[PDB]
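Presented below is the structure to which this report refers.
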Amino acid sequence: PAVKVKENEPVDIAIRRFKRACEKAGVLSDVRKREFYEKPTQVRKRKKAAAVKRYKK
Amino acid sequence: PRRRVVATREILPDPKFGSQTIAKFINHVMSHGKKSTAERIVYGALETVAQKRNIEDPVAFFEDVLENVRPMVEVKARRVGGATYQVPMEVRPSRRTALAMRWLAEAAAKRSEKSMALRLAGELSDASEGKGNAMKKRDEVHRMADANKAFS
Amino acid sequence: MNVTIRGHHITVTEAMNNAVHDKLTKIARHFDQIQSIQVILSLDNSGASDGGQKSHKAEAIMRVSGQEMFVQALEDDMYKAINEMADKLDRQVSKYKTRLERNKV
Amino acid sequence: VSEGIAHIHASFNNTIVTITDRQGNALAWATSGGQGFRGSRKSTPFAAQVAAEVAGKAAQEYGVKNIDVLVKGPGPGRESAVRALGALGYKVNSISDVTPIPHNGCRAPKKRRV
RNA sequence: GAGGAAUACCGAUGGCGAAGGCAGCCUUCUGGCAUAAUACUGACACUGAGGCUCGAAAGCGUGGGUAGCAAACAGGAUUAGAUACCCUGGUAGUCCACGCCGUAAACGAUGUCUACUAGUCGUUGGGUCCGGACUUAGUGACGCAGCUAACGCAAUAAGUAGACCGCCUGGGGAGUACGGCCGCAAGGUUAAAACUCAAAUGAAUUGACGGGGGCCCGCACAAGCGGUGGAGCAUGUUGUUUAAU
């Protein structure tokens, strides 16, 4: 998720680019996945609910 | 009132200087509807400070102290997840003057001078230079507003 | 915390006073934030078309800081009315106390 | 030392910004709990902003001008810290996110039953 | 540098497996399935009491291992209390080998195997044709007829029928006791009675309620001004006192 800020570029727009690249890499979702342990039955329940929601669109 | 922005009343300028700011201060000092009484205390204090400082424009002097008194940042009580942390916001211009006037009146109400006119004159003189309980309260408000400075 | 025990249309006896005070001090043991208690012991009817069963009444209006909870109990006998009133008041005290304690988290 | 690396270890509770040199030798460091913010204020972007200012200006004595920042963690103060570092005379070379992610490694702690 | 465990992304009402289950990658050994055509056997079939096998997790035995997590446990908070939830730690266990254990909401709360009965849209592995069409074995979302107390099911039936097996006969007592059998143990499995009560249940309806959600209003709060609560007196009530108050 490295953003190489270029010359004559404001830190504000460079950090906007860095936020965009961090979303692209999905880093904070990966960090949030490991906050606690999620039991496999809860994982399967969550994924099946998500699959139903995804298929209903 | 979870409804429209009800229109504010039209204040009538006081007869002597013809200024709506002095009329509003007269209303602030006035209690029990004694507008003539409050007029006389406000005029006595303003004349006392004008004579003591030898200044031709009491209304301009009062505007100066009022603008020097009114704060810029206040703190409010927000609510996120049943939590009470004070959020520093910017006081609306209409509320600025009212807060300043109320602080001046309530600070002059606890002076050691004989008459309320003398107490108000002393408080006005102190606030013109940046002293007194009005400045003390305003600086105590800014102290909280800058000692939070973290909740937006 | 105040405790008033009035009696409407009935003569409140020492036994009634004890039977209300002992339960009031039992609720006030677990809740220490009670401002006032007013218990009215009444005889609201003669049971002329139902044979009692609601002839005596015991009501408790308690005031806490920021709230006021009232409970009442109708019964044939005043002592049973007192006990049922006390149980409702204890349950409401517990309910308020746990809501207030769970508001912090 | 002219060239340096900022390390913004942001976390949900506290954010620690430390400037080291290219070979990872720390020069100065400042956190949010050591800046006058405790408890609720410590976990705020403003606290990370002032920690980044304190640490960056304290490392400017060594002579660092060109800094590459390395963000790590999900904390609120991981963008405000970079903004504070950048708007303090520092020249940001790059902004890289280096927070560690396990490839299904150790088991996480049990879920909080709040 | 040491060590253990798990295998991010891929990842998918995706796949494989009789279920239980099974995710980095590579090799070795190995089961089933799907598919095209030809040749072959010629009823070799279905189901199945007992029986046997396999069978999550936890647990047990022995010997290893031990990073993280974490029963128990220790402390800190919260609380009236808090043998909890929250925090900091933490041993068994979780991992390996070989044996037990034989139980789960082991669920689709739906036995297996056949045939037949509108349709529509996805998706996985094939096949055959001309990017589409048809067909296959799965795996999903709908939706007729039909069925259902209703909810709903509906070619993956809870429809229409057939074969065999298992089970139920009010709720408690009780999946308990006793007796067998199994187990190192924990325990499992098979399985009553006295007594007790007239209900216990399912689906749905109208409300009411929710420390469920959404939207809105009221001096409801907020923003203000003035009070009550303290003093003295007026007045009403409780109580007490009285012959009555």
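Labels below follow one simple rule: chain letters A, B, ... track the order of the sequence lines, proteins then strands, and each chain is numbered from 1.
- For E/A154, there is no paired nucleotide, since no Watson-Crick or G-U wobble pair has both relevant distances below 3.5 Å.
- Of the listed residues (C/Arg6, C/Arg63, C/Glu59), just one forms a side-chain hydrogen bond (donor to acceptor under 3.5 Å, both in side chains) with C/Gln38, and that residue is C/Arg63.
- Salt bridge status for B/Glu74 with B/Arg95: present, with a side-chain N to carboxylate O gap under 4.0 Å.
- Between the side chain of C/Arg99 and the base of E/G211, a donor-acceptor pair under 3.5 Å is found.
- For E/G230, there is no paired base (Watson-Crick or G-U wobble, both distances below 3.5 Å).
- For the pair C/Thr4 and C/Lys104, nearest-nucleotide mapping onto RNA chain E gives the more 5' position to C/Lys104.
- Between the P atoms of E/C113 and E/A19, the separation comes to 11 Å (whole Å).
- Each of D/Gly105 and B/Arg95 lies near RNA chain E, and the nucleotide nearest D/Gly105 is the one positioned closer to the 5' end.
- Between D/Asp68 and D/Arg22 there is a salt bridge, since at least one side-chain N of the basic residue sits less than 4.0 Å from a carboxylate O of the acidic one.
- Between the side chain of C/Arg6 and the base of E/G239, no donor-acceptor pair of N or O atoms lies under 3.5 Å.
- Remark: E/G122 base-pairs with E/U139; criterion is Watson-Crick or G-U wobble with both hydrogen-bond distances under 3.5 Å.
- Taking ring-centre separation below 5.5 Å and interplanar angle below 30 degrees as the test, the adjacent bases E/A158 and E/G159 do not pass.
- Between E/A161 and E/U114, both key atom distances fall under 3.5 Å, giving a Watson-Crick or G-U wobble pair.
- If you take CZ of B/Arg3 and P of E/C215, they are 16 Å apart, rounded to a whole angstrom.
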Could you list, one pair per line, each protein nitrogen or oxygen that sits under 3.5 Å from a nitrogen or oxygen of nucleotides 8-19 of chain E, together with the distance?
{"residue": "E/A8", "atom": "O3'", "partner": "A/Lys33", "partner atom": "NZ", "Å": "3.3"}
{"residue": "E/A8", "atom": "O2'", "partner": "A/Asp30", "partner atom": "OD1", "Å": "3.3"}
{"residue": "E/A8", "atom": "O2'", "partner": "A/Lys33", "partner atom": "NZ", "Å": "3.1"}
{"residue": "E/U13", "atom": "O2", "partner": "A/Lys48", "partner atom": "NZ", "Å": "3.3"}

* Mind running salt bridge (charged side-chain N to carboxylate O under 4.0 Å, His left out) on A/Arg20 and A/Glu23 for me, showing each step along the way? => CA-CA 5 Å; A/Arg20 171 126 193 77; A/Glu23 191 280 323; 3.7 Å; yes

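- Distance check on atom P: E/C16 versus E/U139 gives 9 Å, rounded to whole Å.
- Judged by ring centres under 5.5 angstrom and plane angles under 30°, E/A56 stacks onto its neighbour E/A57.
- In a base pair of the Watson-Crick type (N1 to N3 plus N6-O4 or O6-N4) or a G-U wobble (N1-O2 and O6-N3), with each distance short of 3.5 Å, E/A133 is matched with E/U128.
- When the P atom is compared between E/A154 and E/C144, the two are found 13 Å apart, to the nearest whole Å.
- Aromatic rings of D/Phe37 and D/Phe46 (six-membered ring for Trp) have centroids within the 6.0 Å cut-off, being under it.
- On the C1' atoms, E/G213 is 39 Å away from E/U124, given to the nearest whole Å.
- Here the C1' atom of nucleotide E/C86 and the CG atom of C/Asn103 are 17 Å apart, to the nearest Å.
- Taking atom P on both nucleotides, E/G125 is separated from E/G166 by 43 Å, rounded to a whole Å.
- With both hydrogen-bonding distances under 3.5 Å, E/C22 and E/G15 qualify as a Watson-Crick or G-U wobble pair.
- Using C1' as the reference atom, E/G187 and E/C147 are 45 Å apart when rounded to the nearest Å.
- Put simply, NZ on B/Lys76 is 13 Å from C1' on E/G224, counting in whole angstrom units.
- Regarding A/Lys57, its NZ atom lies at a distance of 13 Å from the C1' atom of E/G122, rounded to whole Å.
- E/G11 and E/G20 have their P atoms separated by 25 Å, given to the nearest Å.
- When heavy atoms are screened at a 4.0 angstrom cut-off, C/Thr98 is found touching base atoms of the nucleic acid.
- Across all strands shown, E/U94 forms a Watson-Crick or G-U wobble pair, both distances under 3.5 Å, with E/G68.
- At E/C86, one or more side-chain N or O atoms of D/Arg113 fall inside 4.0 Å of OP1 or OP2 (strictly under the cut-off).
- The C1' atoms of E/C107 and E/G93 are separated by 28 Å, rounded to the nearest whole Å.
- Judged by distance alone, with hydrogens and angles left aside, C/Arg102 brings a side-chain donor or acceptor within reach of the base of E/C85, the pair sitting under 3.5 Å.
- B/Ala77 comes within 4.0 angstrom of nothing in the nucleic acid, heavy atoms only.
- The existence of a salt bridge linking C/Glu84 and C/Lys88 is excluded, since no basic side-chain nitrogen approaches an acidic carboxylate oxygen closer than 4.0 Å.
- Pairing for E/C60 is with E/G99, a Watson-Crick or G-U wobble pair whose two hydrogen-bonding atom distances lie under 3.5 Å.
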